[PDB]
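Student: Structure in structure tokens, see below.
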Amino acid sequence: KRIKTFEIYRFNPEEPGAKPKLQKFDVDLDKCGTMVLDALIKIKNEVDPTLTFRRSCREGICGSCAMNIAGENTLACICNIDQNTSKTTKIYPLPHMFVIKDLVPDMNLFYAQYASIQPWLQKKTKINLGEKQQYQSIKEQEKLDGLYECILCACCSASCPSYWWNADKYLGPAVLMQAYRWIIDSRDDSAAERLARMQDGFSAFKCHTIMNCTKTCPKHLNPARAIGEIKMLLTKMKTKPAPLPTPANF
Amino acid sequence: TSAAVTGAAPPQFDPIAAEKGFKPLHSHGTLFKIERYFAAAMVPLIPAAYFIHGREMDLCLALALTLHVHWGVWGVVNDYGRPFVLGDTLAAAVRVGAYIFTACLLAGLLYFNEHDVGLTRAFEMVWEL
Amino acid sequence: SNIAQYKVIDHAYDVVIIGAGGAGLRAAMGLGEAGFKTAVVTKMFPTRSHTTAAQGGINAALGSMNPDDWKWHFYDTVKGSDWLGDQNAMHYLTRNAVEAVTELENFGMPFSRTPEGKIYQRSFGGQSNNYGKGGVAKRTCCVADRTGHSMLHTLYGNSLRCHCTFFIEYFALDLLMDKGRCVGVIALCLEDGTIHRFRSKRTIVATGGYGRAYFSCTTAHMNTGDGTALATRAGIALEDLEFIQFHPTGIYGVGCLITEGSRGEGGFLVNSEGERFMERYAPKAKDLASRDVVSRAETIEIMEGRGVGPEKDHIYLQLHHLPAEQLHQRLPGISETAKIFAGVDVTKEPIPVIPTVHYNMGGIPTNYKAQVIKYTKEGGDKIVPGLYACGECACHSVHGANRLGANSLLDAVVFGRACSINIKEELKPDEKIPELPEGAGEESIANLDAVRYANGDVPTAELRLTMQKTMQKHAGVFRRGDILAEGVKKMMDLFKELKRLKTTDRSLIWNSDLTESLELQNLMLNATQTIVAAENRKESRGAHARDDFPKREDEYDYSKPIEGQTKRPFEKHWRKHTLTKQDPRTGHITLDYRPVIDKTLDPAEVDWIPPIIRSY
Amino acid sequence: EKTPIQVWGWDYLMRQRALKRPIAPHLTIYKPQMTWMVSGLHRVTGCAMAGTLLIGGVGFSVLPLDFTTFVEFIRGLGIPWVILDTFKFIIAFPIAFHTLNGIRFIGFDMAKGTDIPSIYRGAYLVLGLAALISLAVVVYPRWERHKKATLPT
Ligand SMILES: Cc1cc2nc3c(=O)[nH]c(=O)nc-3n(C[C@H](O)[C@H](O)[C@H](O)COP(=O)(O)OP(=O)(O)OC[C@H]3O[C@@H](n4cnc5c(N)ncnc54)[C@H](O)[C@@H]3O)c2cc1C
Ligand code: HEM
Ligand SMILES: CC(C)Oc1cccc(NC(=O)c2ccccc2I)c1
Ligand code: SF4
Ligand code: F3S
Ligand code: FES
């Protein structure tokens, strides 16, 4: 048998005087799926049902299982288990987030911030909600690629040392890329008002180009590039192009 | 058993309700831009001072480095002078201390260029060793 | 409630939605827009909902690629159902498609585009122009590979404007019933172990499906059929549960869905010969035949030794013959998923795939307005006051016996909206929030405690598995009356093993041992009802295929001409909805049967579609 | 003054405190990566330099000592020539690397060079050029001082 050993952060808020721990669990790799999630499940089901984590989609699309494996923030469900058994693989929750139990962090500041950007299409001319399609060219919509893929997993926000130290004022890479996904949407009018909401010295500008976000994102996306883009926009070094005009026959 | 107490709504940011009555404008934008333009300008200066020395370069190094390091430490200070970890008065004392650090820095350099060898010369004298 | 204390917490809402996927949210938006104090209860953050995992698209006759007609879509949808579909509801679904999907775009859903700037549409399974006479239709609006992801994130986004108040990671235990009327929901808050009773004039059930009833599925770990469990526990009979869709192309080893979009963009299935075998099983639509026909096609090829791989037990889905510019523009996610899970460069090798449990056309019965219904033989469709259901958890029935590809995201948005629309126009503000009856939810709490401290020999994960394993073997793609009977026999035994449950985690705060056990109970209800229904349906229709009854039994023989036949009575044919009534504690199920509604909503708008032979 | 969300955020931090919930480990556990190491370095150098200018400028002013009698004190020790030029190298590198990486980061501020290959190339290039310039500026004159000691007149 090939026995992999995991070091898995524990915390029980129920118990009095309780302090975080690290617990070793041995997993027979031959009786277990390829992915780190698989091990956690195996361990929960066969060894310790009190082991507590988030999951849904088994394919890397929900973002619920985001955690810190092997030092980096990734999704457990598409992280291959490290086959070499002389290593112990370490599993902590998303760094610098308040925890509830084990690998489940309080995710609500994250969410509130994503509400703050107003993640929905705005138009300065009231539209008849069902009636016809907004024009947008291919080129225009292709600006949304690498931006709309974000699954809200928080891996990157929780890898940003600035968002560690100032989660309360600096929005962080996840929420900021999404703020930018609605800014450069040609179908959206309110670019100016969106930028007004993060003018101050913390909201956007506490990005100190550390780059751990674009690195760690398990979806192969780039927030540091999007933020950079916001800085240019926020300092008038650039502007949003106006929407390509909606052709007569449409 | 179900003998119970009326609940309340869970805390939750209402982005529209928050929007009513907050308009405020303080663009850090134009301030950020110049901090960078200034660092870009210092790129020539740093080697300019490798080659050309004197009491006049000592002065421009002393002025650029005072102003750049002012904005430097200020940041570092806002990044770690956090009220959650320090509580406001003590953390506003770190904010203020970023300015004392700027003013002592200059004072010290000016002195050093006026009643001592100067920056460029001081560098020469360690490189001669 | 015996052996512990529980903080109960009471709330008063106009309408309470259990669910925050497609259906759930679209309903919430319309309600909050129309003014209502709306509360949304969901056991996971709404973006993690299974809707986010959807891929291929959402159907509407936008005509962005070629002229189109919602009546053609209507047609294809009914032919889809193998005439188990309620045509009034299938009418509402398709009439309102163009508008529903336009809204999504008007909300900022970032659809892929045509050169003209319009919403891009791809081809898909079981669709056609001119009422089946024309070609392979292009109705399936897609955001590339990840249509479900984009749609849900958009709805969620726009649900922050509607002032709808969210309760995130609350596990719904039961409906709060007061003499046949629903006055709310009771749930467990995971963050603190508090128990919550929501009083509300309405309750919309939008909880998704029950894929995890089986060993292998494309569904998420959270597809546990809670909403159906809830209804079953409120004494509501569930409809059509035996109709379980096997998506033709889930990845062999892992169940991860590979989209039908990948065929409708030009991919095909291939056997061990190298043959493109779907040209035999369905000459007209080839690899875009309906889901039940394709899956069965593969399943035979496996049986008859044309399987592929080491053990010859899956087939290949081939895409490498397509341009890479098209493979990345149209199938980027499954490009990546096939890499991660099957080791497959999709532009050079084929993907190992195999039919896989995917959708649940069955569920909570409703009328065209999505109002839950109970059925008597002699009184008929009697609506349950206060309760509504939509999305996978419902059986409207818009899918009957076979769900069409890209019709569910549609059903969720359309009938989700329909809930808000139908409630605005039936709920007036003289009526106040229902006062709870005394002892409301006391039993639901009793179950919690019981499961929470459960003692017995058999742990909760062991039982789930043998549920899942049993079900995979006995209620599969091809079924027989003896296998099924033996499968009921085993399932009803597993229901009894529930009393010997072991749990281990004793906490109230974020206890996944506990909630997964609640989920297991819920899954048993669905699985037991699913199989007895399946065991008794002595015919073959849609997904449900009996080897030992391979004909589709309708009122007439629709393969002879019709004039000069005599209508078989209700009791002797099978063109009816199966109804399953389970005593939750004993587990005993009794069947009943309910006529299929054939009228459209308005004959001056569209003519009902008579049954024929289903030939793709 | 704060945005509304930043108000919310602080109120959030207050609950998190009051619930005596722990903070998930971070620097102790996060993998070393060229992304952040180098940021760390850029600040560490940036700061050290300022600190030297302050302890220097102000130090020599508030002391009876001056810079000339300091350079004799150390010379007096007559420490080996390799050690000295290493201390020189140590002085050059902060100035070089920070100056270089300073421009790098200004790219990152402008969305430029932000993909992972650019991030890693950028990193190495800037560590290289800085070390090269630091090794040149130390050695080159010391090399000319050996040419002086032993050449033809
Ligand atoms: C892999 C995959 C791909 C698909 N692709 C497509 C496609 O391309 N096109 C298409 O039309 N259809 C597709 N479908 C079908 C379609 O996506 C689903 O039928 C649809 O997403 C269902 O939406 P829903 O809101 O009814 O439920 P879901 O999206 O399943 O959401 C269920 C919600 O109910 C909540 N819930 C469940 N139990 C409880 C409880 N006890 N308490 C509180 N809340 C609870 C959950 O928290 C969740 O928020 C796909 C399905 C799968 C599995
Ligand atoms: C010669 C060209 C230089 C350039 C282009 C430059 C550029 C920059 C930039 C862009 C930052 C911001 C980094 C961030 O936000 O993370 C910065 C920070 C800083 N710089 Fe420089 N710099 C130069 C030289 C110097 C010098 C000579 C000193 C000497 C003391 C210095 C001290 C600092 C300090 C203290 C900071 C603090 C902020 C931080 O690390 O976050 N810099 N510099
Ligand atoms: C342990 C690593 C991953 O993380 C850490 C830990 C401590 C400090 C830092 N780095 C900063 O704090 C930092 C550095 C440069 C610019 C802005 C910052 I906010 C990173
Ligand atoms: S960006 Fe990459 S990492 Fe950050 S949230 Fe979106 S997906 Fe998760
Ligand atoms: S990790 Fe943090 S500071 Fe900027 S580029 Fe990345 S967000
Ligand atoms: S469980 Fe969905 S991202 Fe891993």
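Ordered as shown in the structure tokens, chains take letters A, B, and onward, while each chain numbers its residues from 1 and ligands are numbered from 1 in the order shown.
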Residues near residue 24 of chain B, anyone? I mean within 10 Å using only C-alpha atoms, not counting same-chain ones fewer than 4 positions away, as a PyMOL selection string.
Tutor: (chain A and resi 196-197+199-200) or (chain D and resi 1-3)
Student: Taking only C-alpha atoms and all ligand atoms into account, which residues have an atom no farther than 6 Å from ligand 1? I'd like them as number ranges by chain.
Tutor: C: 18-24, 41-44, 46, 49-51, 53-58, 170-172, 206-209, 218-219, 226, 257, 358, 391-393, 405-410, 412
Student: Print the selection's residues with C-alpha atoms to a file, as a compact mmCIF listing (two decimals), in the first residue's frame.
Tutor:
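out.txt was written with the following content:
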```
# COMPACT_ATOMS: atom_id res chain seq x y z
CA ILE C 18 -36.14 27.50 -0.62
CA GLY C 19 -33.39 27.58 -3.23
CA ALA C 20 -31.03 30.06 -4.85
CA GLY C 21 -30.13 28.60 -8.23
CA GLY C 22 -31.70 29.61 -11.54
CA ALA C 23 -35.32 29.12 -10.55
CA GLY C 24 -34.99 30.40 -6.97
CA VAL C 41 -33.24 30.15 2.22
CA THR C 42 -30.37 28.14 0.76
CA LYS C 43 -27.95 25.59 2.27
CA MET C 44 -25.09 27.03 0.19
CA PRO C 46 -26.22 30.91 -4.20
CA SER C 49 -25.84 26.19 -6.73
CA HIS C 50 -25.83 23.55 -9.39
CA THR C 51 -27.08 25.94 -12.05
CA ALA C 53 -22.31 23.96 -13.42
CA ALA C 54 -24.50 24.17 -16.54
CA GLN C 55 -22.76 24.52 -19.88
CA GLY C 56 -24.39 24.10 -23.30
CA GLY C 57 -26.96 26.85 -23.27
CA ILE C 58 -30.55 27.93 -23.00
CA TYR C 170 -29.54 27.41 6.18
CA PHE C 171 -30.52 23.74 5.77
CA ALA C 172 -34.29 23.50 5.24
CA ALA C 206 -36.74 25.52 -5.78
CA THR C 207 -34.25 22.96 -4.43
CA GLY C 208 -32.83 21.28 -7.57
CA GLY C 209 -32.66 17.56 -8.25
CA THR C 218 -22.91 14.79 -13.16
CA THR C 219 -24.84 16.55 -10.36
CA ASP C 226 -34.45 17.88 -0.21
CA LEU C 257 -20.32 16.42 -17.69
CA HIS C 358 -27.93 14.06 -14.99
CA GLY C 391 -36.81 24.16 -11.43
CA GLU C 392 -35.48 20.56 -11.30
CA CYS C 393 -37.37 19.94 -8.04
CA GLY C 405 -31.11 19.82 -24.03
CA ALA C 406 -31.00 23.48 -22.91
CA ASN C 407 -34.67 23.40 -21.77
CA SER C 408 -34.02 23.35 -18.00
CA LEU C 409 -32.22 26.65 -17.53
CA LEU C 410 -35.26 27.88 -19.49
CA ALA C 412 -36.03 27.52 -14.18
```
Student: Contacts of segment 31-37 of chain D at 8 Å or less, counting only C-alpha atoms, minus same-chain residues fewer than 5 places along, as a list in words?
Tutor: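 My list of contacting residues is residues 70, 71, 72, 210, 211, 212 and 215 of chain A; 119, 120 and 123 of chain D.
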Student: Give me, as a VMD selection string, the contact residues of chain A against chain B at a cut-off of 12 Å, counting only C-alpha atoms.
Tutor: chain A and resid 108 to 120 161 to 170 193 to 208 230 to 238
Student: Just the selected residues (C-alpha atoms), exported as a compact mmCIF listing (two decimals), in the first residue's frame, please.
Tutor:
```txt
# COMPACT_ATOMS: atom_id res chain seq x y z
CA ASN A 108 -19.33 37.27 4.38
CA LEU A 109 -17.08 40.31 4.18
CA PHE A 110 -15.93 38.93 0.86
CA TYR A 111 -19.53 38.72 -0.32
CA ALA A 112 -20.56 42.15 1.02
CA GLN A 113 -17.73 43.72 -0.90
CA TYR A 114 -18.91 41.96 -4.12
CA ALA A 115 -22.35 43.50 -3.49
CA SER A 116 -20.73 46.93 -3.08
CA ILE A 117 -19.57 47.10 -6.74
CA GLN A 118 -23.19 46.67 -7.85
CA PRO A 119 -22.70 43.53 -9.98
CA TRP A 120 -25.55 44.11 -12.44
CA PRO A 161 -1.06 40.34 1.85
CA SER A 162 -2.66 43.77 1.47
CA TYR A 163 -6.12 42.23 1.70
CA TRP A 164 -4.84 40.33 4.71
CA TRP A 165 -3.90 43.49 6.54
CA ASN A 166 -6.81 45.67 5.30
CA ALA A 167 -9.68 43.39 4.26
CA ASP A 168 -11.92 46.06 5.81
CA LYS A 169 -10.97 48.92 3.44
CA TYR A 170 -9.12 47.48 0.44
CA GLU A 193 -20.03 56.19 -11.17
CA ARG A 194 -18.44 52.76 -10.69
CA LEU A 195 -15.00 54.38 -10.56
CA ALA A 196 -16.26 57.06 -8.12
CA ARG A 197 -17.03 54.25 -5.67
CA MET A 198 -13.31 53.36 -5.29
CA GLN A 199 -11.47 56.68 -5.71
CA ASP A 200 -10.01 56.72 -2.17
CA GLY A 201 -6.54 55.56 -1.20
CA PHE A 202 -7.57 52.11 0.09
CA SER A 203 -10.44 50.67 -1.96
CA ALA A 204 -8.41 50.08 -5.14
CA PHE A 205 -5.09 51.79 -4.62
CA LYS A 206 -3.82 49.60 -1.78
CA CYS A 207 -2.96 47.10 -4.50
CA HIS A 208 0.82 47.00 -4.04
CA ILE A 230 -8.39 50.26 -13.02
CA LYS A 231 -5.44 52.35 -11.85
CA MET A 232 -4.95 53.74 -15.38
CA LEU A 233 -8.68 54.44 -15.53
CA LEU A 234 -8.77 55.93 -12.02
CA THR A 235 -5.88 58.32 -12.81
CA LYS A 236 -7.28 59.33 -16.26
CA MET A 237 -4.26 57.75 -17.98
CA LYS A 238 -6.97 55.90 -19.93
```
Student: Write down, as a list in words, each residue of chain C that has any atom within 6 Å of an atom of chain A, counting only C-alpha atoms.
Tutor: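 Putting it all together, I get residues 48, 99, 102, 103, 107, 108, 113, 117, 157, 158, 220, 221, 222, 461, 505 and 513 of chain C.
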Student: Residues as selected, C-alpha atoms, written as a PDB file, in the first residue's frame, can you do that?
Tutor:
```pdb
ATOM      1  CA  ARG C  48     -22.367  27.352  -5.579  1.00  0.00           C
ATOM      2  CA  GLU C  99     -38.526  37.099 -23.763  1.00  0.00           C
ATOM      3  CA  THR C 102     -33.657  38.380 -23.819  1.00  0.00           C
ATOM      4  CA  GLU C 103     -34.100  39.560 -20.222  1.00  0.00           C
ATOM      5  CA  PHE C 107     -29.631  41.975 -17.127  1.00  0.00           C
ATOM      6  CA  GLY C 108     -26.016  41.895 -18.373  1.00  0.00           C
ATOM      7  CA  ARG C 113     -22.017  36.889 -30.151  1.00  0.00           C
ATOM      8  CA  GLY C 117     -23.879  41.564 -32.686  1.00  0.00           C
ATOM      9  CA  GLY C 157     -25.808  39.867  -9.371  1.00  0.00           C
ATOM     10  CA  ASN C 158     -29.196  41.354 -10.225  1.00  0.00           C
ATOM     11  CA  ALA C 220     -23.292  18.251  -7.345  1.00  0.00           C
ATOM     12  CA  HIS C 221     -22.825  16.730  -3.865  1.00  0.00           C
ATOM     13  CA  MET C 222     -25.741  18.944  -2.841  1.00  0.00           C
ATOM     14  CA  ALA C 461     -21.718   7.142   4.638  1.00  0.00           C
ATOM     15  CA  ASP C 505     -20.168  14.770  15.183  1.00  0.00           C
ATOM     16  CA  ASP C 513     -21.970  14.865   9.524  1.00  0.00           C
TER      17      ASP C 513
END
```
Student: Per residue of chain A within 8 Å of ligand 4, note the shortest atom pair and the distance in Å to one decimal, counting only C-alpha atoms and all ligand atoms, and order the rows by chain and increasing residue number, as a Markdown table.
Tutor:
```
| residue | atom | partner | partner_atom_place_in_ligand_line | distance |
| --- | --- | --- | --- | --- |
| A:63 | CA | ligand 4 | 8 (Fe) | 6.7 |
| A:66 | CA | ligand 4 | 8 (Fe) | 7.9 |
| A:74 | CA | ligand 4 | 3 (S) | 7.9 |
| A:149 | CA | ligand 4 | 6 (Fe) | 7.0 |
| A:150 | CA | ligand 4 | 6 (Fe) | 3.4 |
| A:151 | CA | ligand 4 | 7 (S) | 4.8 |
| A:152 | CA | ligand 4 | 5 (S) | 4.2 |
| A:153 | CA | ligand 4 | 8 (Fe) | 3.8 |
| A:154 | CA | ligand 4 | 5 (S) | 4.4 |
| A:155 | CA | ligand 4 | 3 (S) | 4.5 |
| A:156 | CA | ligand 4 | 4 (Fe) | 4.2 |
| A:157 | CA | ligand 4 | 4 (Fe) | 6.0 |
| A:173 | CA | ligand 4 | 4 (Fe) | 6.4 |
| A:174 | CA | ligand 4 | 4 (Fe) | 4.5 |
| A:175 | CA | ligand 4 | 5 (S) | 7.9 |
| A:177 | CA | ligand 4 | 1 (S) | 7.4 |
| A:213 | CA | ligand 4 | 4 (Fe) | 6.6 |
| A:214 | CA | ligand 4 | 2 (Fe) | 7.3 |
| A:216 | CA | ligand 4 | 3 (S) | 6.8 |
| A:217 | CA | ligand 4 | 3 (S) | 3.8 |
| A:218 | CA | ligand 4 | 2 (Fe) | 5.8 |
| A:219 | CA | ligand 4 | 2 (Fe) | 5.1 |
| A:220 | CA | ligand 4 | 2 (Fe) | 6.6 |
| A:221 | CA | ligand 4 | 2 (Fe) | 5.3 |
| A:222 | CA | ligand 4 | 1 (S) | 6.9 |
| A:223 | CA | ligand 4 | 1 (S) | 6.2 |
```
Student: At a cut-off of 8 Å, which residues of chain C touch chain B? Count only C-alpha atoms and give the answer as a PyMOL selection string.
Tutor: chain C and resi 1+5-11+160-161+163+165-167+439-442
Student: Store the residues of this selection in a file with C-alpha atoms, as a PDB file, in the first residue's frame.
Tutor:
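Result saved to part36.pdb:
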```
ATOM      1  CA  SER C   1     -36.418  17.200  20.875  1.00  0.00           C
ATOM      2  CA  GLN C   5     -31.735  22.596  23.870  1.00  0.00           C
ATOM      3  CA  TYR C   6     -32.447  24.562  20.693  1.00  0.00           C
ATOM      4  CA  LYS C   7     -32.657  28.287  20.055  1.00  0.00           C
ATOM      5  CA  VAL C   8     -35.677  28.829  17.837  1.00  0.00           C
ATOM      6  CA  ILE C   9     -35.914  32.139  15.991  1.00  0.00           C
ATOM      7  CA  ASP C  10     -39.092  33.383  14.290  1.00  0.00           C
ATOM      8  CA  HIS C  11     -39.328  35.525  11.128  1.00  0.00           C
ATOM      9  CA  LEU C 160     -28.666  42.285  -5.014  1.00  0.00           C
ATOM     10  CA  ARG C 161     -30.600  45.204  -6.472  1.00  0.00           C
ATOM     11  CA  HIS C 163     -33.642  44.010  -1.795  1.00  0.00           C
ATOM     12  CA  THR C 165     -33.012  39.282   2.065  1.00  0.00           C
ATOM     13  CA  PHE C 166     -30.644  36.226   2.033  1.00  0.00           C
ATOM     14  CA  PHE C 167     -30.250  33.414   4.594  1.00  0.00           C
ATOM     15  CA  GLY C 439     -45.790  23.115  18.049  1.00  0.00           C
ATOM     16  CA  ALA C 440     -44.866  24.117  14.494  1.00  0.00           C
ATOM     17  CA  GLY C 441     -41.727  22.251  13.417  1.00  0.00           C
ATOM     18  CA  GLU C 442     -41.376  20.450  16.729  1.00  0.00           C
TER      19      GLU C 442
END
```
Student: Ligand 2: which residues are within 6 Å, counting only C-alpha atoms and all ligand atoms? Reply as a PyMOL selection string.
Tutor: (chain A and resi 208) or (chain B and resi 36+39-40+42-43+46+65+69+72-73+75-76) or (chain D and resi 42-43+46-47+49-50+95+98-99+102-103+105-106)
